[PDB]
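Colleague: Take this structure, written in structure tokens, and hold onto it; I'll ask about it next.
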Amino acid sequence: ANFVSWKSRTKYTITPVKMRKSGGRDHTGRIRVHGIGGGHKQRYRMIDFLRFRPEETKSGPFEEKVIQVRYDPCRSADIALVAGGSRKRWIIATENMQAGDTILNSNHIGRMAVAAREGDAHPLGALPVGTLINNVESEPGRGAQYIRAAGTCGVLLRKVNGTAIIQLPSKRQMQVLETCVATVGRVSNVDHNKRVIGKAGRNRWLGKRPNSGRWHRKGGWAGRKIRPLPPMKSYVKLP
Amino acid sequence: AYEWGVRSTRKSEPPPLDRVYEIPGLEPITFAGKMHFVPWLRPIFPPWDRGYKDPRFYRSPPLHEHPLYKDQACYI
Amino acid sequence: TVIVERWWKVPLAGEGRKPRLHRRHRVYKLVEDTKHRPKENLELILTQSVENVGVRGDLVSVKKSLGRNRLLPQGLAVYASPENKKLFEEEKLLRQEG
Amino acid sequence: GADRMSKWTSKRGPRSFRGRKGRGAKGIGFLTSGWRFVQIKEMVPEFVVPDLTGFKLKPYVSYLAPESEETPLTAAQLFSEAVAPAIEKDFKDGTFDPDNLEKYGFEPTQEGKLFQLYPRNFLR
Amino acid sequence: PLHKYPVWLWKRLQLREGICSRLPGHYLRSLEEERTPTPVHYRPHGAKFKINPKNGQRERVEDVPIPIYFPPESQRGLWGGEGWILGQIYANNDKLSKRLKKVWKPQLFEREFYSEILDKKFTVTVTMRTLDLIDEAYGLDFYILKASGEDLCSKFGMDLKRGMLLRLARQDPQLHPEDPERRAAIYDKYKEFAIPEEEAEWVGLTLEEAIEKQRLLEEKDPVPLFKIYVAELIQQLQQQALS
RNA sequence: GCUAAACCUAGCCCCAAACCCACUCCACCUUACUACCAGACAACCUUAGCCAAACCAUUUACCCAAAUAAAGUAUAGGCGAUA
RNA sequence: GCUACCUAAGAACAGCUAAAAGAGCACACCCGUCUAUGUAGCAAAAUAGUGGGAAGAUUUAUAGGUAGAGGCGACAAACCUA
RNA sequence: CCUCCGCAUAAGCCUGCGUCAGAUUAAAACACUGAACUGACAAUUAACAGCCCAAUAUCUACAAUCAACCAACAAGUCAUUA
RNA sequence: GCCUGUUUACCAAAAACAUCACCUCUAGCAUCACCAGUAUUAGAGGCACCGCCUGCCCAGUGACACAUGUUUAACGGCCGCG
RNA sequence: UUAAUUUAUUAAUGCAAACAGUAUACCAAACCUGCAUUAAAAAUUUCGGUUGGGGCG
Ligand SMILES: [Mg+2]
Ligand SMILES: [Mg+2]
Ligand SMILES: [Mg+2]
Ligand SMILES: [Mg+2]
Ligand SMILES: [Mg+2]
Ligand SMILES: [Mg+2]
Ligand SMILES: [Mg+2]
Ligand SMILES: [Mg+2]
Ligand SMILES: [Mg+2]
Ligand SMILES: [Mg+2]
Ligand SMILES: [Mg+2]
Ligand SMILES: [Mg+2]
Ligand SMILES: [Mg+2]
Ligand SMILES: [Mg+2]
Ligand SMILES: [Mg+2]
Ligand SMILES: [Mg+2]
Ligand SMILES: [Mg+2]
């Protein structure tokens with residue numbers, strides 16, 4: 001069962017990379033996830049989610065200029081080609097971000113707040129309270145893993161002695177260290193909720209096989225569960 | 001950061017050498033004398049290079065000891 | 001160390017022969033575990049002055065964890081063998097004099 | 001079912017199997033980039049023929065030739081007919097040394113010459 | 001028809017046939033030893049005869065061992081004399097319920113050990129029984145030189161034993177120079193040991209390693225017939241010369 | 001009277017004794033029978049069940065140390081079939 | 001190597017009306033609603049007529065993968081060399 | 001008189017209606033002599049198609065649809081330098 | 001039965017299964033699937049476009065809460081005599 | 001399956017072992033090992049007789 005993964009590219013490149021579908025089959029060859037496979041072909045645009053990484057031999061904050069705002073097939077929110085200095089890279093795009101615009105990639109955690117635009121990225125210690133943020137890390141320098149999908153956004157709630165507390169779009173709160181960078185504003189491509197599929201052919205185009213037809217009886221879990229919101233998730237380490 | 005080299009597609013690290021190479025003053029009895037793999041142990045091979053240079057199997061020198069290497073970058 | 005006795009009574013095969021087993025002599029019964037035992041302590045002779053667990057020269061029973069992790073690897077003690085017992089009591093006999 | 005018993009020749013597989021098989025001819029070069037074949041003249045065998053002009057020896061023998069006993073050549077016989085008079089003679093003059101055997105035809109190692117015997121450099 | 005020799009004697013016949021015959025004899029004794037291990041996973045009987053209840057008549061009693069299975073991680077590090085117990089179990093300790101198969105694995109630890117003879121710190125996948133046995137033997141080196149071939153249950157133990165025995169047999173520059181009195185002290189400490197040098201090399205080998213070692217000993221690319229024949233010739237002329 | 005019928009001898013079986021074999025030249029782990037090039041991965045694991053107990057749920061000889069005897073005895077066993 | 005699904009890189013779809021189109025008539029092709037013949041038949045499931053689709057959730061050439069206490073399945077308890 | 005066939009490539013098989021002799025026999029569902037054959041003899045000749053690339057770094061955002069307006073979604077089938 | 005479509009190859013092509021739409025439940029997350037994705041997301045399911053609606057019940061079971069509770073678009077139930 | 005037996009397997013817990021400070025007291029990080037409990041998922045096996053045929057009685 002020869003399954004060598006398609007993600008074998010050790011250098012970051014702007015060029016779209018050929019990707020192989022899997023069909024829900026893991027490395028053994030059996031299905032692990034049902035109802036996936038056989039869509040239109042796609043290519044992968046390597047997104048850089050560490051929004052503040054300086055260029056080589058440059059250290060401080062740096063500026064960047066938007067070139068295009070494309071459509072990425074591999075996600076919901078569309079992406080943006082961004083150029084600055086002597087390199088280009090794909091980043092996730094925010095709402096009202098068009099071409100030619102100039103965005104900031106800051107590191108300096110100021111004394112007071114900074115009245116920031118809907119594009120640029122500051123550390124969470126410098127952002128004003130109540131700001132709508134997205135693409136937050138969980139550790140300083142990890143990379144954006146939370147809010148990324150189309151039109152989703154997290155609010156910054158309070159800034160405490162060495163942390164900042166974030167509310168995810170699932171409303172579960174999450175505190176993180178003060179120096180974690182996060183971009184401002186909602187992610188692009190709102191009204192992704194309002195998409196109508198229209199026919200079963202589009203669901204086959206997206207790469208999704210239909211549901212199986214065996215009638216399963218609903219058990220105890222199927223009722224509406226009114227639960228309390230889960231306790232806050234802490235990534236701040238304490239000795 | 002997010003490193004782009006997936007572990008399954010990278011070159012695997014070799015297995016840890018068998019424990020006879022930690023015992024001092026003791027030489028192991030390995031299959032280098034029979035020129036084929038068996039189980040039960042493993043040798044350590046010296047580096048090899050071609051004595052006579054071959055144009056179809058030529059390997060370049062590393063880049064900072066090319067004779068045209070400059071520290072400052074030019075832009076073609 | 002898991003100790004097990006055999007249920008089903010292997011039937012006593014010879015003196016110069018090996019016992020003949022059946023697949024009912026593979027049925028065991030746990031007679032004791034060697035964990036879940038009150039752990040005894042070992043004896044060490046100390047070569048250096050330490051904190052309240054002892055002074056240099058006199059042997060002392062300490063817990064096996066402490067004696068195996070701190071006292072013996074850091075050279076603070078020696079095993080209480082009959083060999084070095086003799087040299088340590090001789091050094092006691094020469095340190096304290098007439 | 002396919003034909004198991006008849007042997008696997010070069011005429012049998014698909015279009016990729018044909019060409020990769022060959023019939024046993026020893027190759028004389030290598031394939032370069034643009035599917036070109038580069039012949040190397042030192043790999044193609046050069047037939048070393050002599051001049052048969054004034055040669056007096058026929059493919060058959062006359063029946064009037066007498067017979068004799070067969071004796072296959074042995075290494076002791078080759079030693080006795082090749083080296084033993086020379087070593088015997090220069091031992092009678094007392095100049096024989098066991099240290100240098102190379103002056104009687106012995107070679108210490110075959111690594112130097114062109115026709116080395118034990119790994120069999122030469123063809124036939 | 002029938003074989004001449006039984007099937008279980010073909011191993012000893014293969015030892016007497018070929019290159020295995022040319023192994024040294026003390027290695028052949030140590031290979032054909034076949035001695036019993038000390039009890040680990042069971043309690044042995046006290047006496048040879050055990051008067052039993054329900055009739056006061058004495059019976060012979062033997063103690064048969066448990067067939068314990070040693071995985072290759074037991075060969076990588078010093079376990080005790082213990083391994084896995086692949087066996088079976090009646091459910092609630094009465095024989096009128098189901099029979100279930102049970103595996104008793106030992107508890108493993110990772111502790112660093114020092115050796116006074118090798119002067120090196122090893123990381124070993126030790127268990128608790130080995131720690132107690134090292135404490136009972138007053139050292140790692142005494143534990144490895146003391147305990148026999150059947151009780152280590154590890155090839156790492158036999159490699160350590162051959163290394164220590166070679167260090168004792170050679171009287172090598174062990175610790176380093178600038179301290180030869182410590183070398184003399186450590187070599188004098190473990191002196192109730194130290195088999196000869198030609199016997200210390202064959203300690204703890206498998207059969208395949210010893211076969212390969214003896215094969216490498218007599219490797220010996222052959223002599224050309226020129227030297228043999230010139231020796232015979234000059235011997236013949238010396239024989240004809242002196243008469 | 002046509003189809004037909006008849007044959008002995010290739011060989012084989014069970015034992016005893018004895019431990020038994022393997023490169024003429026070339027090719028043969030890749031698509032075996034292929035003359036010729038850079039990741040080196042690597043083996044060590046309680047048999048189960050049919051069946052008997054007139055079902056079946058613990059249980060049921062098969063295990064590789066010459067014979068005979070002790071003896072089908074002491075023992076084990078839904079103390080039962082049986083071992 | 002049939003078949004159920006998936007992966008890699010391919011191929012095919014005359015003509016007319018094209019409302020824009022998992023649109024309409026209709027070839028090649030895929031499938032098999034009904035009738036008749038056949039039932040040791042051409043065929044261990046065919047033939048002739050009549051039918052549905054035929055720019056798509058389509059059909060198909062090559063290679064590979066998922067295997068039985070399982071694989072796969074738009075659930076027929078369907079298929080896994082008649 | 002029929003043609004819904006045919007000529008090629010790929011896949012598959014491996015000499016399987018070329019000559020002479022036997023045709024007394026044998027398979028031709030019968031025969032001549034040849035597709036349900038015996039022995040011998042002789043052919044398929046590469047430019048068509050296979051069989052490939054010396055390294056270390058570095059570069060590769062603007063589909064195809066006469067690609068020119070218009071218009072999109074399922075976001076795509078092709079490139080180098082030191 | 002919303003439609004195109006899918007199935008018992010070889011007696012059942014359908015009102016059966018799927019289908020856009022709606023709803024319930026689970027999950028705060030990095031490298032071999034899901035995914036080189038992040039709660040306008042992914043998975044487990046019911047029902048079946050659209051239009052009007054989806055009434056009452058937590059006694060019991062299951063699930064979730066451990067504050068005797070919450071949950072029916074969870075399993076299910078929605079009276080008798082004169 | 002809400003029939004009998006069982007949890008060999010996974011997931012949770014609790015105890016023990018393993019580690020460390022800690023002023024006569026408290027805390028027990030993560031992974032393995034043994035034991036005990038619960039659940040999910042399973043494994044083996046069975047499904048009496050008379051009966052003016054069988055079933056109901
Ligand atoms: Mg659904
Ligand atoms: Mg359904
Ligand atoms: Mg006897
Ligand atoms: Mg029975
Ligand atoms: Mg019977
Ligand atoms: Mg259409
Ligand atoms: Mg039509
Ligand atoms: Mg289908
Ligand atoms: Mg059904
Ligand atoms: Mg329908
Ligand atoms: Mg049918
Ligand atoms: Mg069909
Ligand atoms: Mg039908
Ligand atoms: Mg339906
Ligand atoms: Mg309702
Ligand atoms: Mg009856
Ligand atoms: Mg009746």
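Identifiers for the structure tokens are assigned positionally: chains receive A, B, ... in sequence, residues are indexed from 1 per chain, and ligands are indexed from 1 in the order shown.
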Neighbouring residues of residue 44 (chain G) were defined as those with any atom within 12 Å, considering only C-alpha atoms (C1' of nucleotides); residues of the same chain fewer than 2 positions away were excluded. Please report them as a ChimeraX atom specification.

Modeller: /G:39-41,82 /I:10

Colleague: May I have the residues within 12 Å of ligand 7, computed using only C-alpha atoms (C1' of nucleotides) and all ligand atoms, as a PDB file with N, CA, C and O atoms (P, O5', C5', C4', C3', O3' and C1' of nucleotides), in the first residue's frame?

Modeller:
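The new file part_11.pdb reads:
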```
ATOM      1  P     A G  23     -30.128  17.829 -16.600  1.00  0.00           P
ATOM      2  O5'   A G  23     -30.533  18.408 -18.027  1.00  0.00           O
ATOM      3  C5'   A G  23     -30.288  19.767 -18.358  1.00  0.00           C
ATOM      4  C4'   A G  23     -31.499  20.412 -18.984  1.00  0.00           C
ATOM      5  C3'   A G  23     -32.031  19.745 -20.244  1.00  0.00           C
ATOM      6  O3'   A G  23     -32.862  18.629 -19.973  1.00  0.00           O
ATOM      7  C1'   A G  23     -31.836  22.065 -20.615  1.00  0.00           C
ATOM      8  P     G G  24     -32.879  17.373 -20.975  1.00  0.00           P
ATOM      9  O5'   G G  24     -33.736  17.881 -22.219  1.00  0.00           O
ATOM     10  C5'   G G  24     -35.131  18.120 -22.097  1.00  0.00           C
ATOM     11  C4'   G G  24     -35.743  18.505 -23.420  1.00  0.00           C
ATOM     12  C3'   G G  24     -35.433  17.581 -24.590  1.00  0.00           C
ATOM     13  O3'   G G  24     -36.255  16.427 -24.623  1.00  0.00           O
ATOM     14  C1'   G G  24     -35.067  19.813 -25.247  1.00  0.00           C
ATOM     15  P     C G  25     -35.647  15.018 -25.101  1.00  0.00           P
ATOM     16  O5'   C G  25     -35.613  15.126 -26.691  1.00  0.00           O
ATOM     17  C5'   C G  25     -36.816  15.193 -27.442  1.00  0.00           C
ATOM     18  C4'   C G  25     -36.543  15.273 -28.923  1.00  0.00           C
ATOM     19  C3'   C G  25     -35.678  14.165 -29.507  1.00  0.00           C
ATOM     20  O3'   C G  25     -36.397  12.971 -29.767  1.00  0.00           O
ATOM     21  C1'   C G  25     -34.896  16.252 -30.278  1.00  0.00           C
ATOM     22  P     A G  26     -35.718  11.540 -29.485  1.00  0.00           P
ATOM     23  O5'   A G  26     -34.396  11.549 -30.376  1.00  0.00           O
ATOM     24  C5'   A G  26     -34.464  11.421 -31.789  1.00  0.00           C
ATOM     25  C4'   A G  26     -33.157  11.795 -32.445  1.00  0.00           C
ATOM     26  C3'   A G  26     -31.963  10.914 -32.107  1.00  0.00           C
ATOM     27  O3'   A G  26     -31.922   9.717 -32.866  1.00  0.00           O
ATOM     28  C1'   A G  26     -31.346  13.178 -31.880  1.00  0.00           C
ATOM     29  P     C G  27     -31.502   8.329 -32.169  1.00  0.00           P
ATOM     30  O5'   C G  27     -30.050   8.023 -32.750  1.00  0.00           O
ATOM     31  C5'   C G  27     -28.947   8.862 -32.437  1.00  0.00           C
ATOM     32  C4'   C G  27     -27.922   8.880 -33.544  1.00  0.00           C
ATOM     33  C3'   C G  27     -26.733   7.949 -33.360  1.00  0.00           C
ATOM     34  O3'   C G  27     -26.998   6.602 -33.717  1.00  0.00           O
ATOM     35  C1'   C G  27     -25.942  10.087 -33.925  1.00  0.00           C
ATOM     36  P     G G  51     -40.263   3.489 -29.466  1.00  0.00           P
ATOM     37  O5'   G G  51     -39.193   3.143 -28.338  1.00  0.00           O
ATOM     38  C5'   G G  51     -38.773   4.117 -27.396  1.00  0.00           C
ATOM     39  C4'   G G  51     -38.594   3.510 -26.027  1.00  0.00           C
ATOM     40  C3'   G G  51     -37.648   4.247 -25.089  1.00  0.00           C
ATOM     41  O3'   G G  51     -38.282   5.325 -24.423  1.00  0.00           O
ATOM     42  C1'   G G  51     -37.181   1.916 -25.047  1.00  0.00           C
ATOM     43  P     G G  52     -37.727   6.825 -24.578  1.00  0.00           P
ATOM     44  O5'   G G  52     -36.719   6.996 -23.355  1.00  0.00           O
ATOM     45  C5'   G G  52     -37.195   7.103 -22.022  1.00  0.00           C
ATOM     46  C4'   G G  52     -36.060   7.083 -21.030  1.00  0.00           C
ATOM     47  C3'   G G  52     -34.888   8.000 -21.345  1.00  0.00           C
ATOM     48  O3'   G G  52     -35.111   9.339 -20.934  1.00  0.00           O
ATOM     49  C1'   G G  52     -34.078   5.849 -20.808  1.00  0.00           C
ATOM     50  P     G G  53     -34.550  10.563 -21.813  1.00  0.00           P
ATOM     51  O5'   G G  53     -32.990  10.590 -21.488  1.00  0.00           O
ATOM     52  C5'   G G  53     -32.529  10.855 -20.171  1.00  0.00           C
ATOM     53  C4'   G G  53     -31.074  10.490 -20.004  1.00  0.00           C
ATOM     54  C3'   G G  53     -30.089  11.206 -20.915  1.00  0.00           C
ATOM     55  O3'   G G  53     -29.764  12.511 -20.463  1.00  0.00           O
ATOM     56  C1'   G G  53     -29.595   8.894 -20.875  1.00  0.00           C
ATOM     57  P     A G  54     -29.655  13.729 -21.507  1.00  0.00           P
ATOM     58  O5'   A G  54     -28.394  13.361 -22.409  1.00  0.00           O
ATOM     59  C5'   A G  54     -27.098  13.237 -21.842  1.00  0.00           C
ATOM     60  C4'   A G  54     -26.171  12.466 -22.748  1.00  0.00           C
ATOM     61  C3'   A G  54     -25.825  13.132 -24.071  1.00  0.00           C
ATOM     62  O3'   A G  54     -24.782  14.084 -23.952  1.00  0.00           O
ATOM     63  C1'   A G  54     -26.462  10.895 -24.467  1.00  0.00           C
TER      64        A G  54
END
```

Colleague: For chain F, which residues have at least one atom within 9 Å of chain C, if we go by only C-alpha atoms (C1' of nucleotides)? Write them as a ChimeraX atom specification, please.

Modeller: /F:46,63,65,75-76

Colleague: At a cut-off of 9 Å, which residues of chain E touch chain J? Count only C-alpha atoms (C1' of nucleotides) and give the answer as number ranges by chain.

Modeller: E: 91, 97-102, 104-109

Colleague: Let me see if you get this right: every residue at most 12 Å from ligand 5, counting only C-alpha atoms (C1' of nucleotides) and all ligand atoms, written as a PDB file with N, CA and C atoms (P, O5', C5', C4', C3', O3' and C1' of nucleotides), in the first residue's frame.

Modeller:
```pdb
ATOM      1  P     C F  51     -18.565 -30.933  15.840  1.00  0.00           P
ATOM      2  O5'   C F  51     -17.721 -32.102  16.521  1.00  0.00           O
ATOM      3  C5'   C F  51     -17.572 -33.369  15.891  1.00  0.00           C
ATOM      4  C4'   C F  51     -16.684 -34.286  16.695  1.00  0.00           C
ATOM      5  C3'   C F  51     -17.244 -34.757  18.031  1.00  0.00           C
ATOM      6  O3'   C F  51     -18.106 -35.874  17.894  1.00  0.00           O
ATOM      7  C1'   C F  51     -15.017 -33.998  18.323  1.00  0.00           C
ATOM      8  P     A F  52     -19.254 -36.165  18.983  1.00  0.00           P
ATOM      9  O5'   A F  52     -18.454 -36.559  20.305  1.00  0.00           O
ATOM     10  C5'   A F  52     -18.121 -37.911  20.593  1.00  0.00           C
ATOM     11  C4'   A F  52     -17.788 -38.090  22.053  1.00  0.00           C
ATOM     12  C3'   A F  52     -18.832 -37.561  23.028  1.00  0.00           C
ATOM     13  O3'   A F  52     -19.852 -38.510  23.283  1.00  0.00           O
ATOM     14  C1'   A F  52     -16.688 -36.763  23.647  1.00  0.00           C
ATOM     15  P     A F  53     -21.339 -38.026  23.640  1.00  0.00           P
ATOM     16  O5'   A F  53     -21.227 -37.510  25.146  1.00  0.00           O
ATOM     17  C5'   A F  53     -20.836 -38.385  26.195  1.00  0.00           C
ATOM     18  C4'   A F  53     -20.424 -37.616  27.425  1.00  0.00           C
ATOM     19  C3'   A F  53     -21.492 -36.716  28.033  1.00  0.00           C
ATOM     20  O3'   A F  53     -22.355 -37.430  28.907  1.00  0.00           O
ATOM     21  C1'   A F  53     -19.470 -35.502  27.791  1.00  0.00           C
ATOM     22  P     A F  54     -23.827 -36.885  29.264  1.00  0.00           P
ATOM     23  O5'   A F  54     -24.585 -36.835  27.865  1.00  0.00           O
ATOM     24  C5'   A F  54     -24.857 -38.021  27.124  1.00  0.00           C
ATOM     25  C4'   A F  54     -24.393 -37.877  25.697  1.00  0.00           C
ATOM     26  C3'   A F  54     -24.851 -36.589  24.998  1.00  0.00           C
ATOM     27  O3'   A F  54     -23.793 -36.021  24.230  1.00  0.00           O
ATOM     28  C1'   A F  54     -25.470 -38.478  23.713  1.00  0.00           C
ATOM     29  P     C F  55     -23.424 -34.463  24.399  1.00  0.00           P
ATOM     30  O5'   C F  55     -24.792 -33.684  24.134  1.00  0.00           O
ATOM     31  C5'   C F  55     -25.215 -33.375  22.813  1.00  0.00           C
ATOM     32  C4'   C F  55     -25.867 -32.015  22.723  1.00  0.00           C
ATOM     33  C3'   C F  55     -24.944 -30.815  22.867  1.00  0.00           C
ATOM     34  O3'   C F  55     -24.250 -30.505  21.668  1.00  0.00           O
ATOM     35  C1'   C F  55     -26.874 -30.490  24.197  1.00  0.00           C
TER      36        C F  55
END
```

Colleague: Using only C-alpha atoms (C1' of nucleotides), find the one residue out of D:108, D:1, D:11, D:23 that sits nearest to chain F.

Modeller: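 Closest residue, counting only C-alpha atoms (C1' of nucleotides): D:23.
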
Colleague: Residues near residue 14 (chain J), anyone? I mean within 12 Å using only C-alpha atoms (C1' of nucleotides), not counting same-chain ones fewer than 5 positions away, as JSON, numbers by chain.

Modeller: {"J": [35, 36, 37, 38]}

Colleague: Taking only C-alpha atoms (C1' of nucleotides) into account, report as a list in words which residues of chain C lie within 9 Å of chain J.

Modeller: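 Filtering chain C at 9 Å from chain J with only C-alpha atoms (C1' of nucleotides) gives residues 2, 33, 35, 36, 37 and 65 of chain C.
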
Colleague: Would you mind listing, for every residue of chain J within 10 Å of ligand 17, the two atoms forming the shortest contact and the distance between them in Å to one decimal, using only C-alpha atoms (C1' of nucleotides) and all ligand atoms, sorted by chain and ascending residue number, as a Markdown table?

Modeller:
```
| residue | atom | partner | partner_atom_place_in_ligand_line | distance |
| --- | --- | --- | --- | --- |
| J:51 | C1' | ligand 17 | 1 (Mg) | 6.0 |
| J:52 | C1' | ligand 17 | 1 (Mg) | 6.9 |
| J:53 | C1' | ligand 17 | 1 (Mg) | 6.8 |
| J:54 | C1' | ligand 17 | 1 (Mg) | 7.4 |
| J:55 | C1' | ligand 17 | 1 (Mg) | 8.9 |
```

Colleague: What parts of region 61-117 of chain A does DSSP call strand (DSSP E)? I'd like the answer as a ChimeraX atom specification.

Modeller: /A:62-69,79-84,87-92,102-105

Colleague: Determine which residues of chain F sit within 9 Å of chain E, taking into account only C-alpha atoms (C1' of nucleotides), and present them as a list in words.

Modeller: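 Close to chain E, chain F has residues 15, 18, 19, 44, 45, 46, 57, 58, 64 and 78 of chain F.
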
Colleague: Using only C-alpha atoms (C1' of nucleotides) and all ligand atoms, find each residue with an atom at most 9 Å away from ligand 13 and format the answer as a ChimeraX atom specification.

Modeller: /G:32-33 /I:11-13

Colleague: Can you tell me how far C1' of residue 25 (chain I) sits from atom 1 (Mg, counted along the ligand's line) of ligand 1, in Å to one decimal?

Modeller: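 Interatomic distance, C1' of residue 25 (chain I) to atom 1 (Mg, counted along the ligand's line) of ligand 1: 13.4 Å.
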
Colleague: For chain D, list the residues within 12 Å of chain B, counting only C-alpha atoms, and write the list as a list in words.

Modeller: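 So the contacting residues turn out to be residues 30, 31, 32 and 33 of chain D.
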
Colleague: Kindly export the residues of the current selection with C-alpha atoms, as a PDB file, in the first residue's frame.

Modeller:
```pdb
ATOM      1  CA  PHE D  30      25.487   4.751 -22.760  1.00  0.00           C
ATOM      2  CA  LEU D  31      22.378   6.837 -23.346  1.00  0.00           C
ATOM      3  CA  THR D  32      22.750  10.595 -22.891  1.00  0.00           C
ATOM      4  CA  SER D  33      20.102  13.325 -22.504  1.00  0.00           C
TER       5      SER D  33
END
```

Colleague: Could you give me the residues within 10 Å of ligand 10, counting only C-alpha atoms (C1' of nucleotides) and all ligand atoms, as number ranges by chain?

Modeller: I: 1-5, 14-16, 19

Colleague: Distance cut-off 8 Å, counting only C-alpha atoms - which residues of chain E neighbour chain C? Return them as an MDAnalysis selection string.

Modeller: chainID E and resid 40:43 61:62 64 82 87:90 93 104 106:107 114 129 135 138:139

Colleague: For the selection you just gave me, I'd like the residues written to a file as a short mmCIF file (atom, residue, chain, number, x, y, z; two decimals), in the first residue's frame, keeping N, CA, C and O atoms.

Modeller:
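And here is the file that came out, part-v6.cif:
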```cif
data_model
loop_
_atom_site.label_atom_id
_atom_site.label_comp_id
_atom_site.auth_asym_id
_atom_site.auth_seq_id
_atom_site.Cartn_x
_atom_site.Cartn_y
_atom_site.Cartn_z
N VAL E 40 12.43 -17.06 39.07
CA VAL E 40 12.08 -15.65 39.03
C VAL E 40 10.58 -15.44 39.23
O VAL E 40 10.16 -14.72 40.13
N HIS E 41 9.77 -16.08 38.39
CA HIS E 41 8.33 -15.85 38.37
C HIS E 41 7.56 -16.93 39.09
O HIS E 41 6.35 -17.06 38.89
N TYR E 42 8.21 -17.72 39.94
CA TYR E 42 7.51 -18.71 40.74
C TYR E 42 8.30 -18.96 42.01
O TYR E 42 9.47 -18.59 42.11
N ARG E 43 7.63 -19.55 43.00
CA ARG E 43 8.29 -19.92 44.24
C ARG E 43 8.67 -21.40 44.18
O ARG E 43 7.77 -22.24 44.06
N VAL E 61 8.30 -34.27 45.09
CA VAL E 61 7.86 -33.03 44.47
C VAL E 61 9.00 -32.46 43.65
O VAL E 61 10.14 -32.37 44.13
N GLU E 62 8.72 -32.11 42.41
CA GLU E 62 9.62 -31.33 41.58
C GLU E 62 9.03 -29.95 41.39
O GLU E 62 7.85 -29.71 41.63
N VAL E 64 8.73 -27.28 38.31
CA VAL E 64 8.89 -27.07 36.88
C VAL E 64 8.82 -25.57 36.61
O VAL E 64 8.14 -24.85 37.36
N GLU E 82 13.60 -11.75 34.30
CA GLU E 82 12.16 -11.75 34.14
C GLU E 82 11.79 -11.20 32.78
O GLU E 82 12.53 -10.42 32.18
N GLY E 87 0.21 -16.49 29.48
CA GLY E 87 -0.50 -17.58 30.12
C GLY E 87 -1.99 -17.39 30.10
O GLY E 87 -2.49 -16.49 29.43
N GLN E 88 -2.72 -18.22 30.84
CA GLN E 88 -4.18 -18.18 30.80
C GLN E 88 -4.72 -18.12 32.22
O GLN E 88 -4.03 -18.42 33.19
N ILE E 89 -5.98 -17.72 32.32
CA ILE E 89 -6.60 -17.31 33.57
C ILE E 89 -8.06 -17.72 33.57
O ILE E 89 -8.79 -17.45 32.61
N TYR E 90 -8.49 -18.40 34.64
CA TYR E 90 -9.92 -18.57 34.89
C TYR E 90 -10.44 -17.29 35.51
O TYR E 90 -9.80 -16.71 36.39
N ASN E 93 -11.28 -16.70 39.49
CA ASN E 93 -10.49 -17.66 40.27
C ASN E 93 -11.31 -18.88 40.69
O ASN E 93 -11.12 -19.43 41.78
N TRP E 104 1.46 -10.97 31.58
CA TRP E 104 1.98 -10.20 32.71
C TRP E 104 3.31 -9.57 32.30
O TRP E 104 4.34 -10.24 32.32
N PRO E 106 6.52 -6.99 32.86
CA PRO E 106 7.19 -6.39 34.01
C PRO E 106 7.18 -4.87 33.90
O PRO E 106 6.89 -4.30 32.86
N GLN E 107 7.51 -4.22 35.01
CA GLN E 107 7.57 -2.77 35.06
C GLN E 107 8.99 -2.34 34.71
O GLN E 107 9.95 -2.80 35.33
N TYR E 114 26.85 3.33 36.33
CA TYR E 114 28.28 3.55 36.18
C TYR E 114 29.01 2.22 36.31
O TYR E 114 28.64 1.38 37.13
N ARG E 129 13.95 -5.57 39.75
CA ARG E 129 14.67 -6.76 40.21
C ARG E 129 16.16 -6.65 39.93
O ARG E 129 16.98 -7.11 40.74
N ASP E 135 22.17 -4.23 44.10
CA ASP E 135 22.38 -3.90 45.51
C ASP E 135 22.85 -5.10 46.31
O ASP E 135 23.72 -4.98 47.17
N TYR E 138 26.68 -5.76 45.47
CA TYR E 138 27.56 -4.64 45.83
C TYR E 138 28.23 -4.00 44.62
O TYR E 138 29.41 -3.66 44.70
N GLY E 139 27.53 -3.85 43.50
CA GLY E 139 28.05 -3.09 42.38
C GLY E 139 27.48 -3.56 41.06
O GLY E 139 27.00 -4.69 40.98
#
```
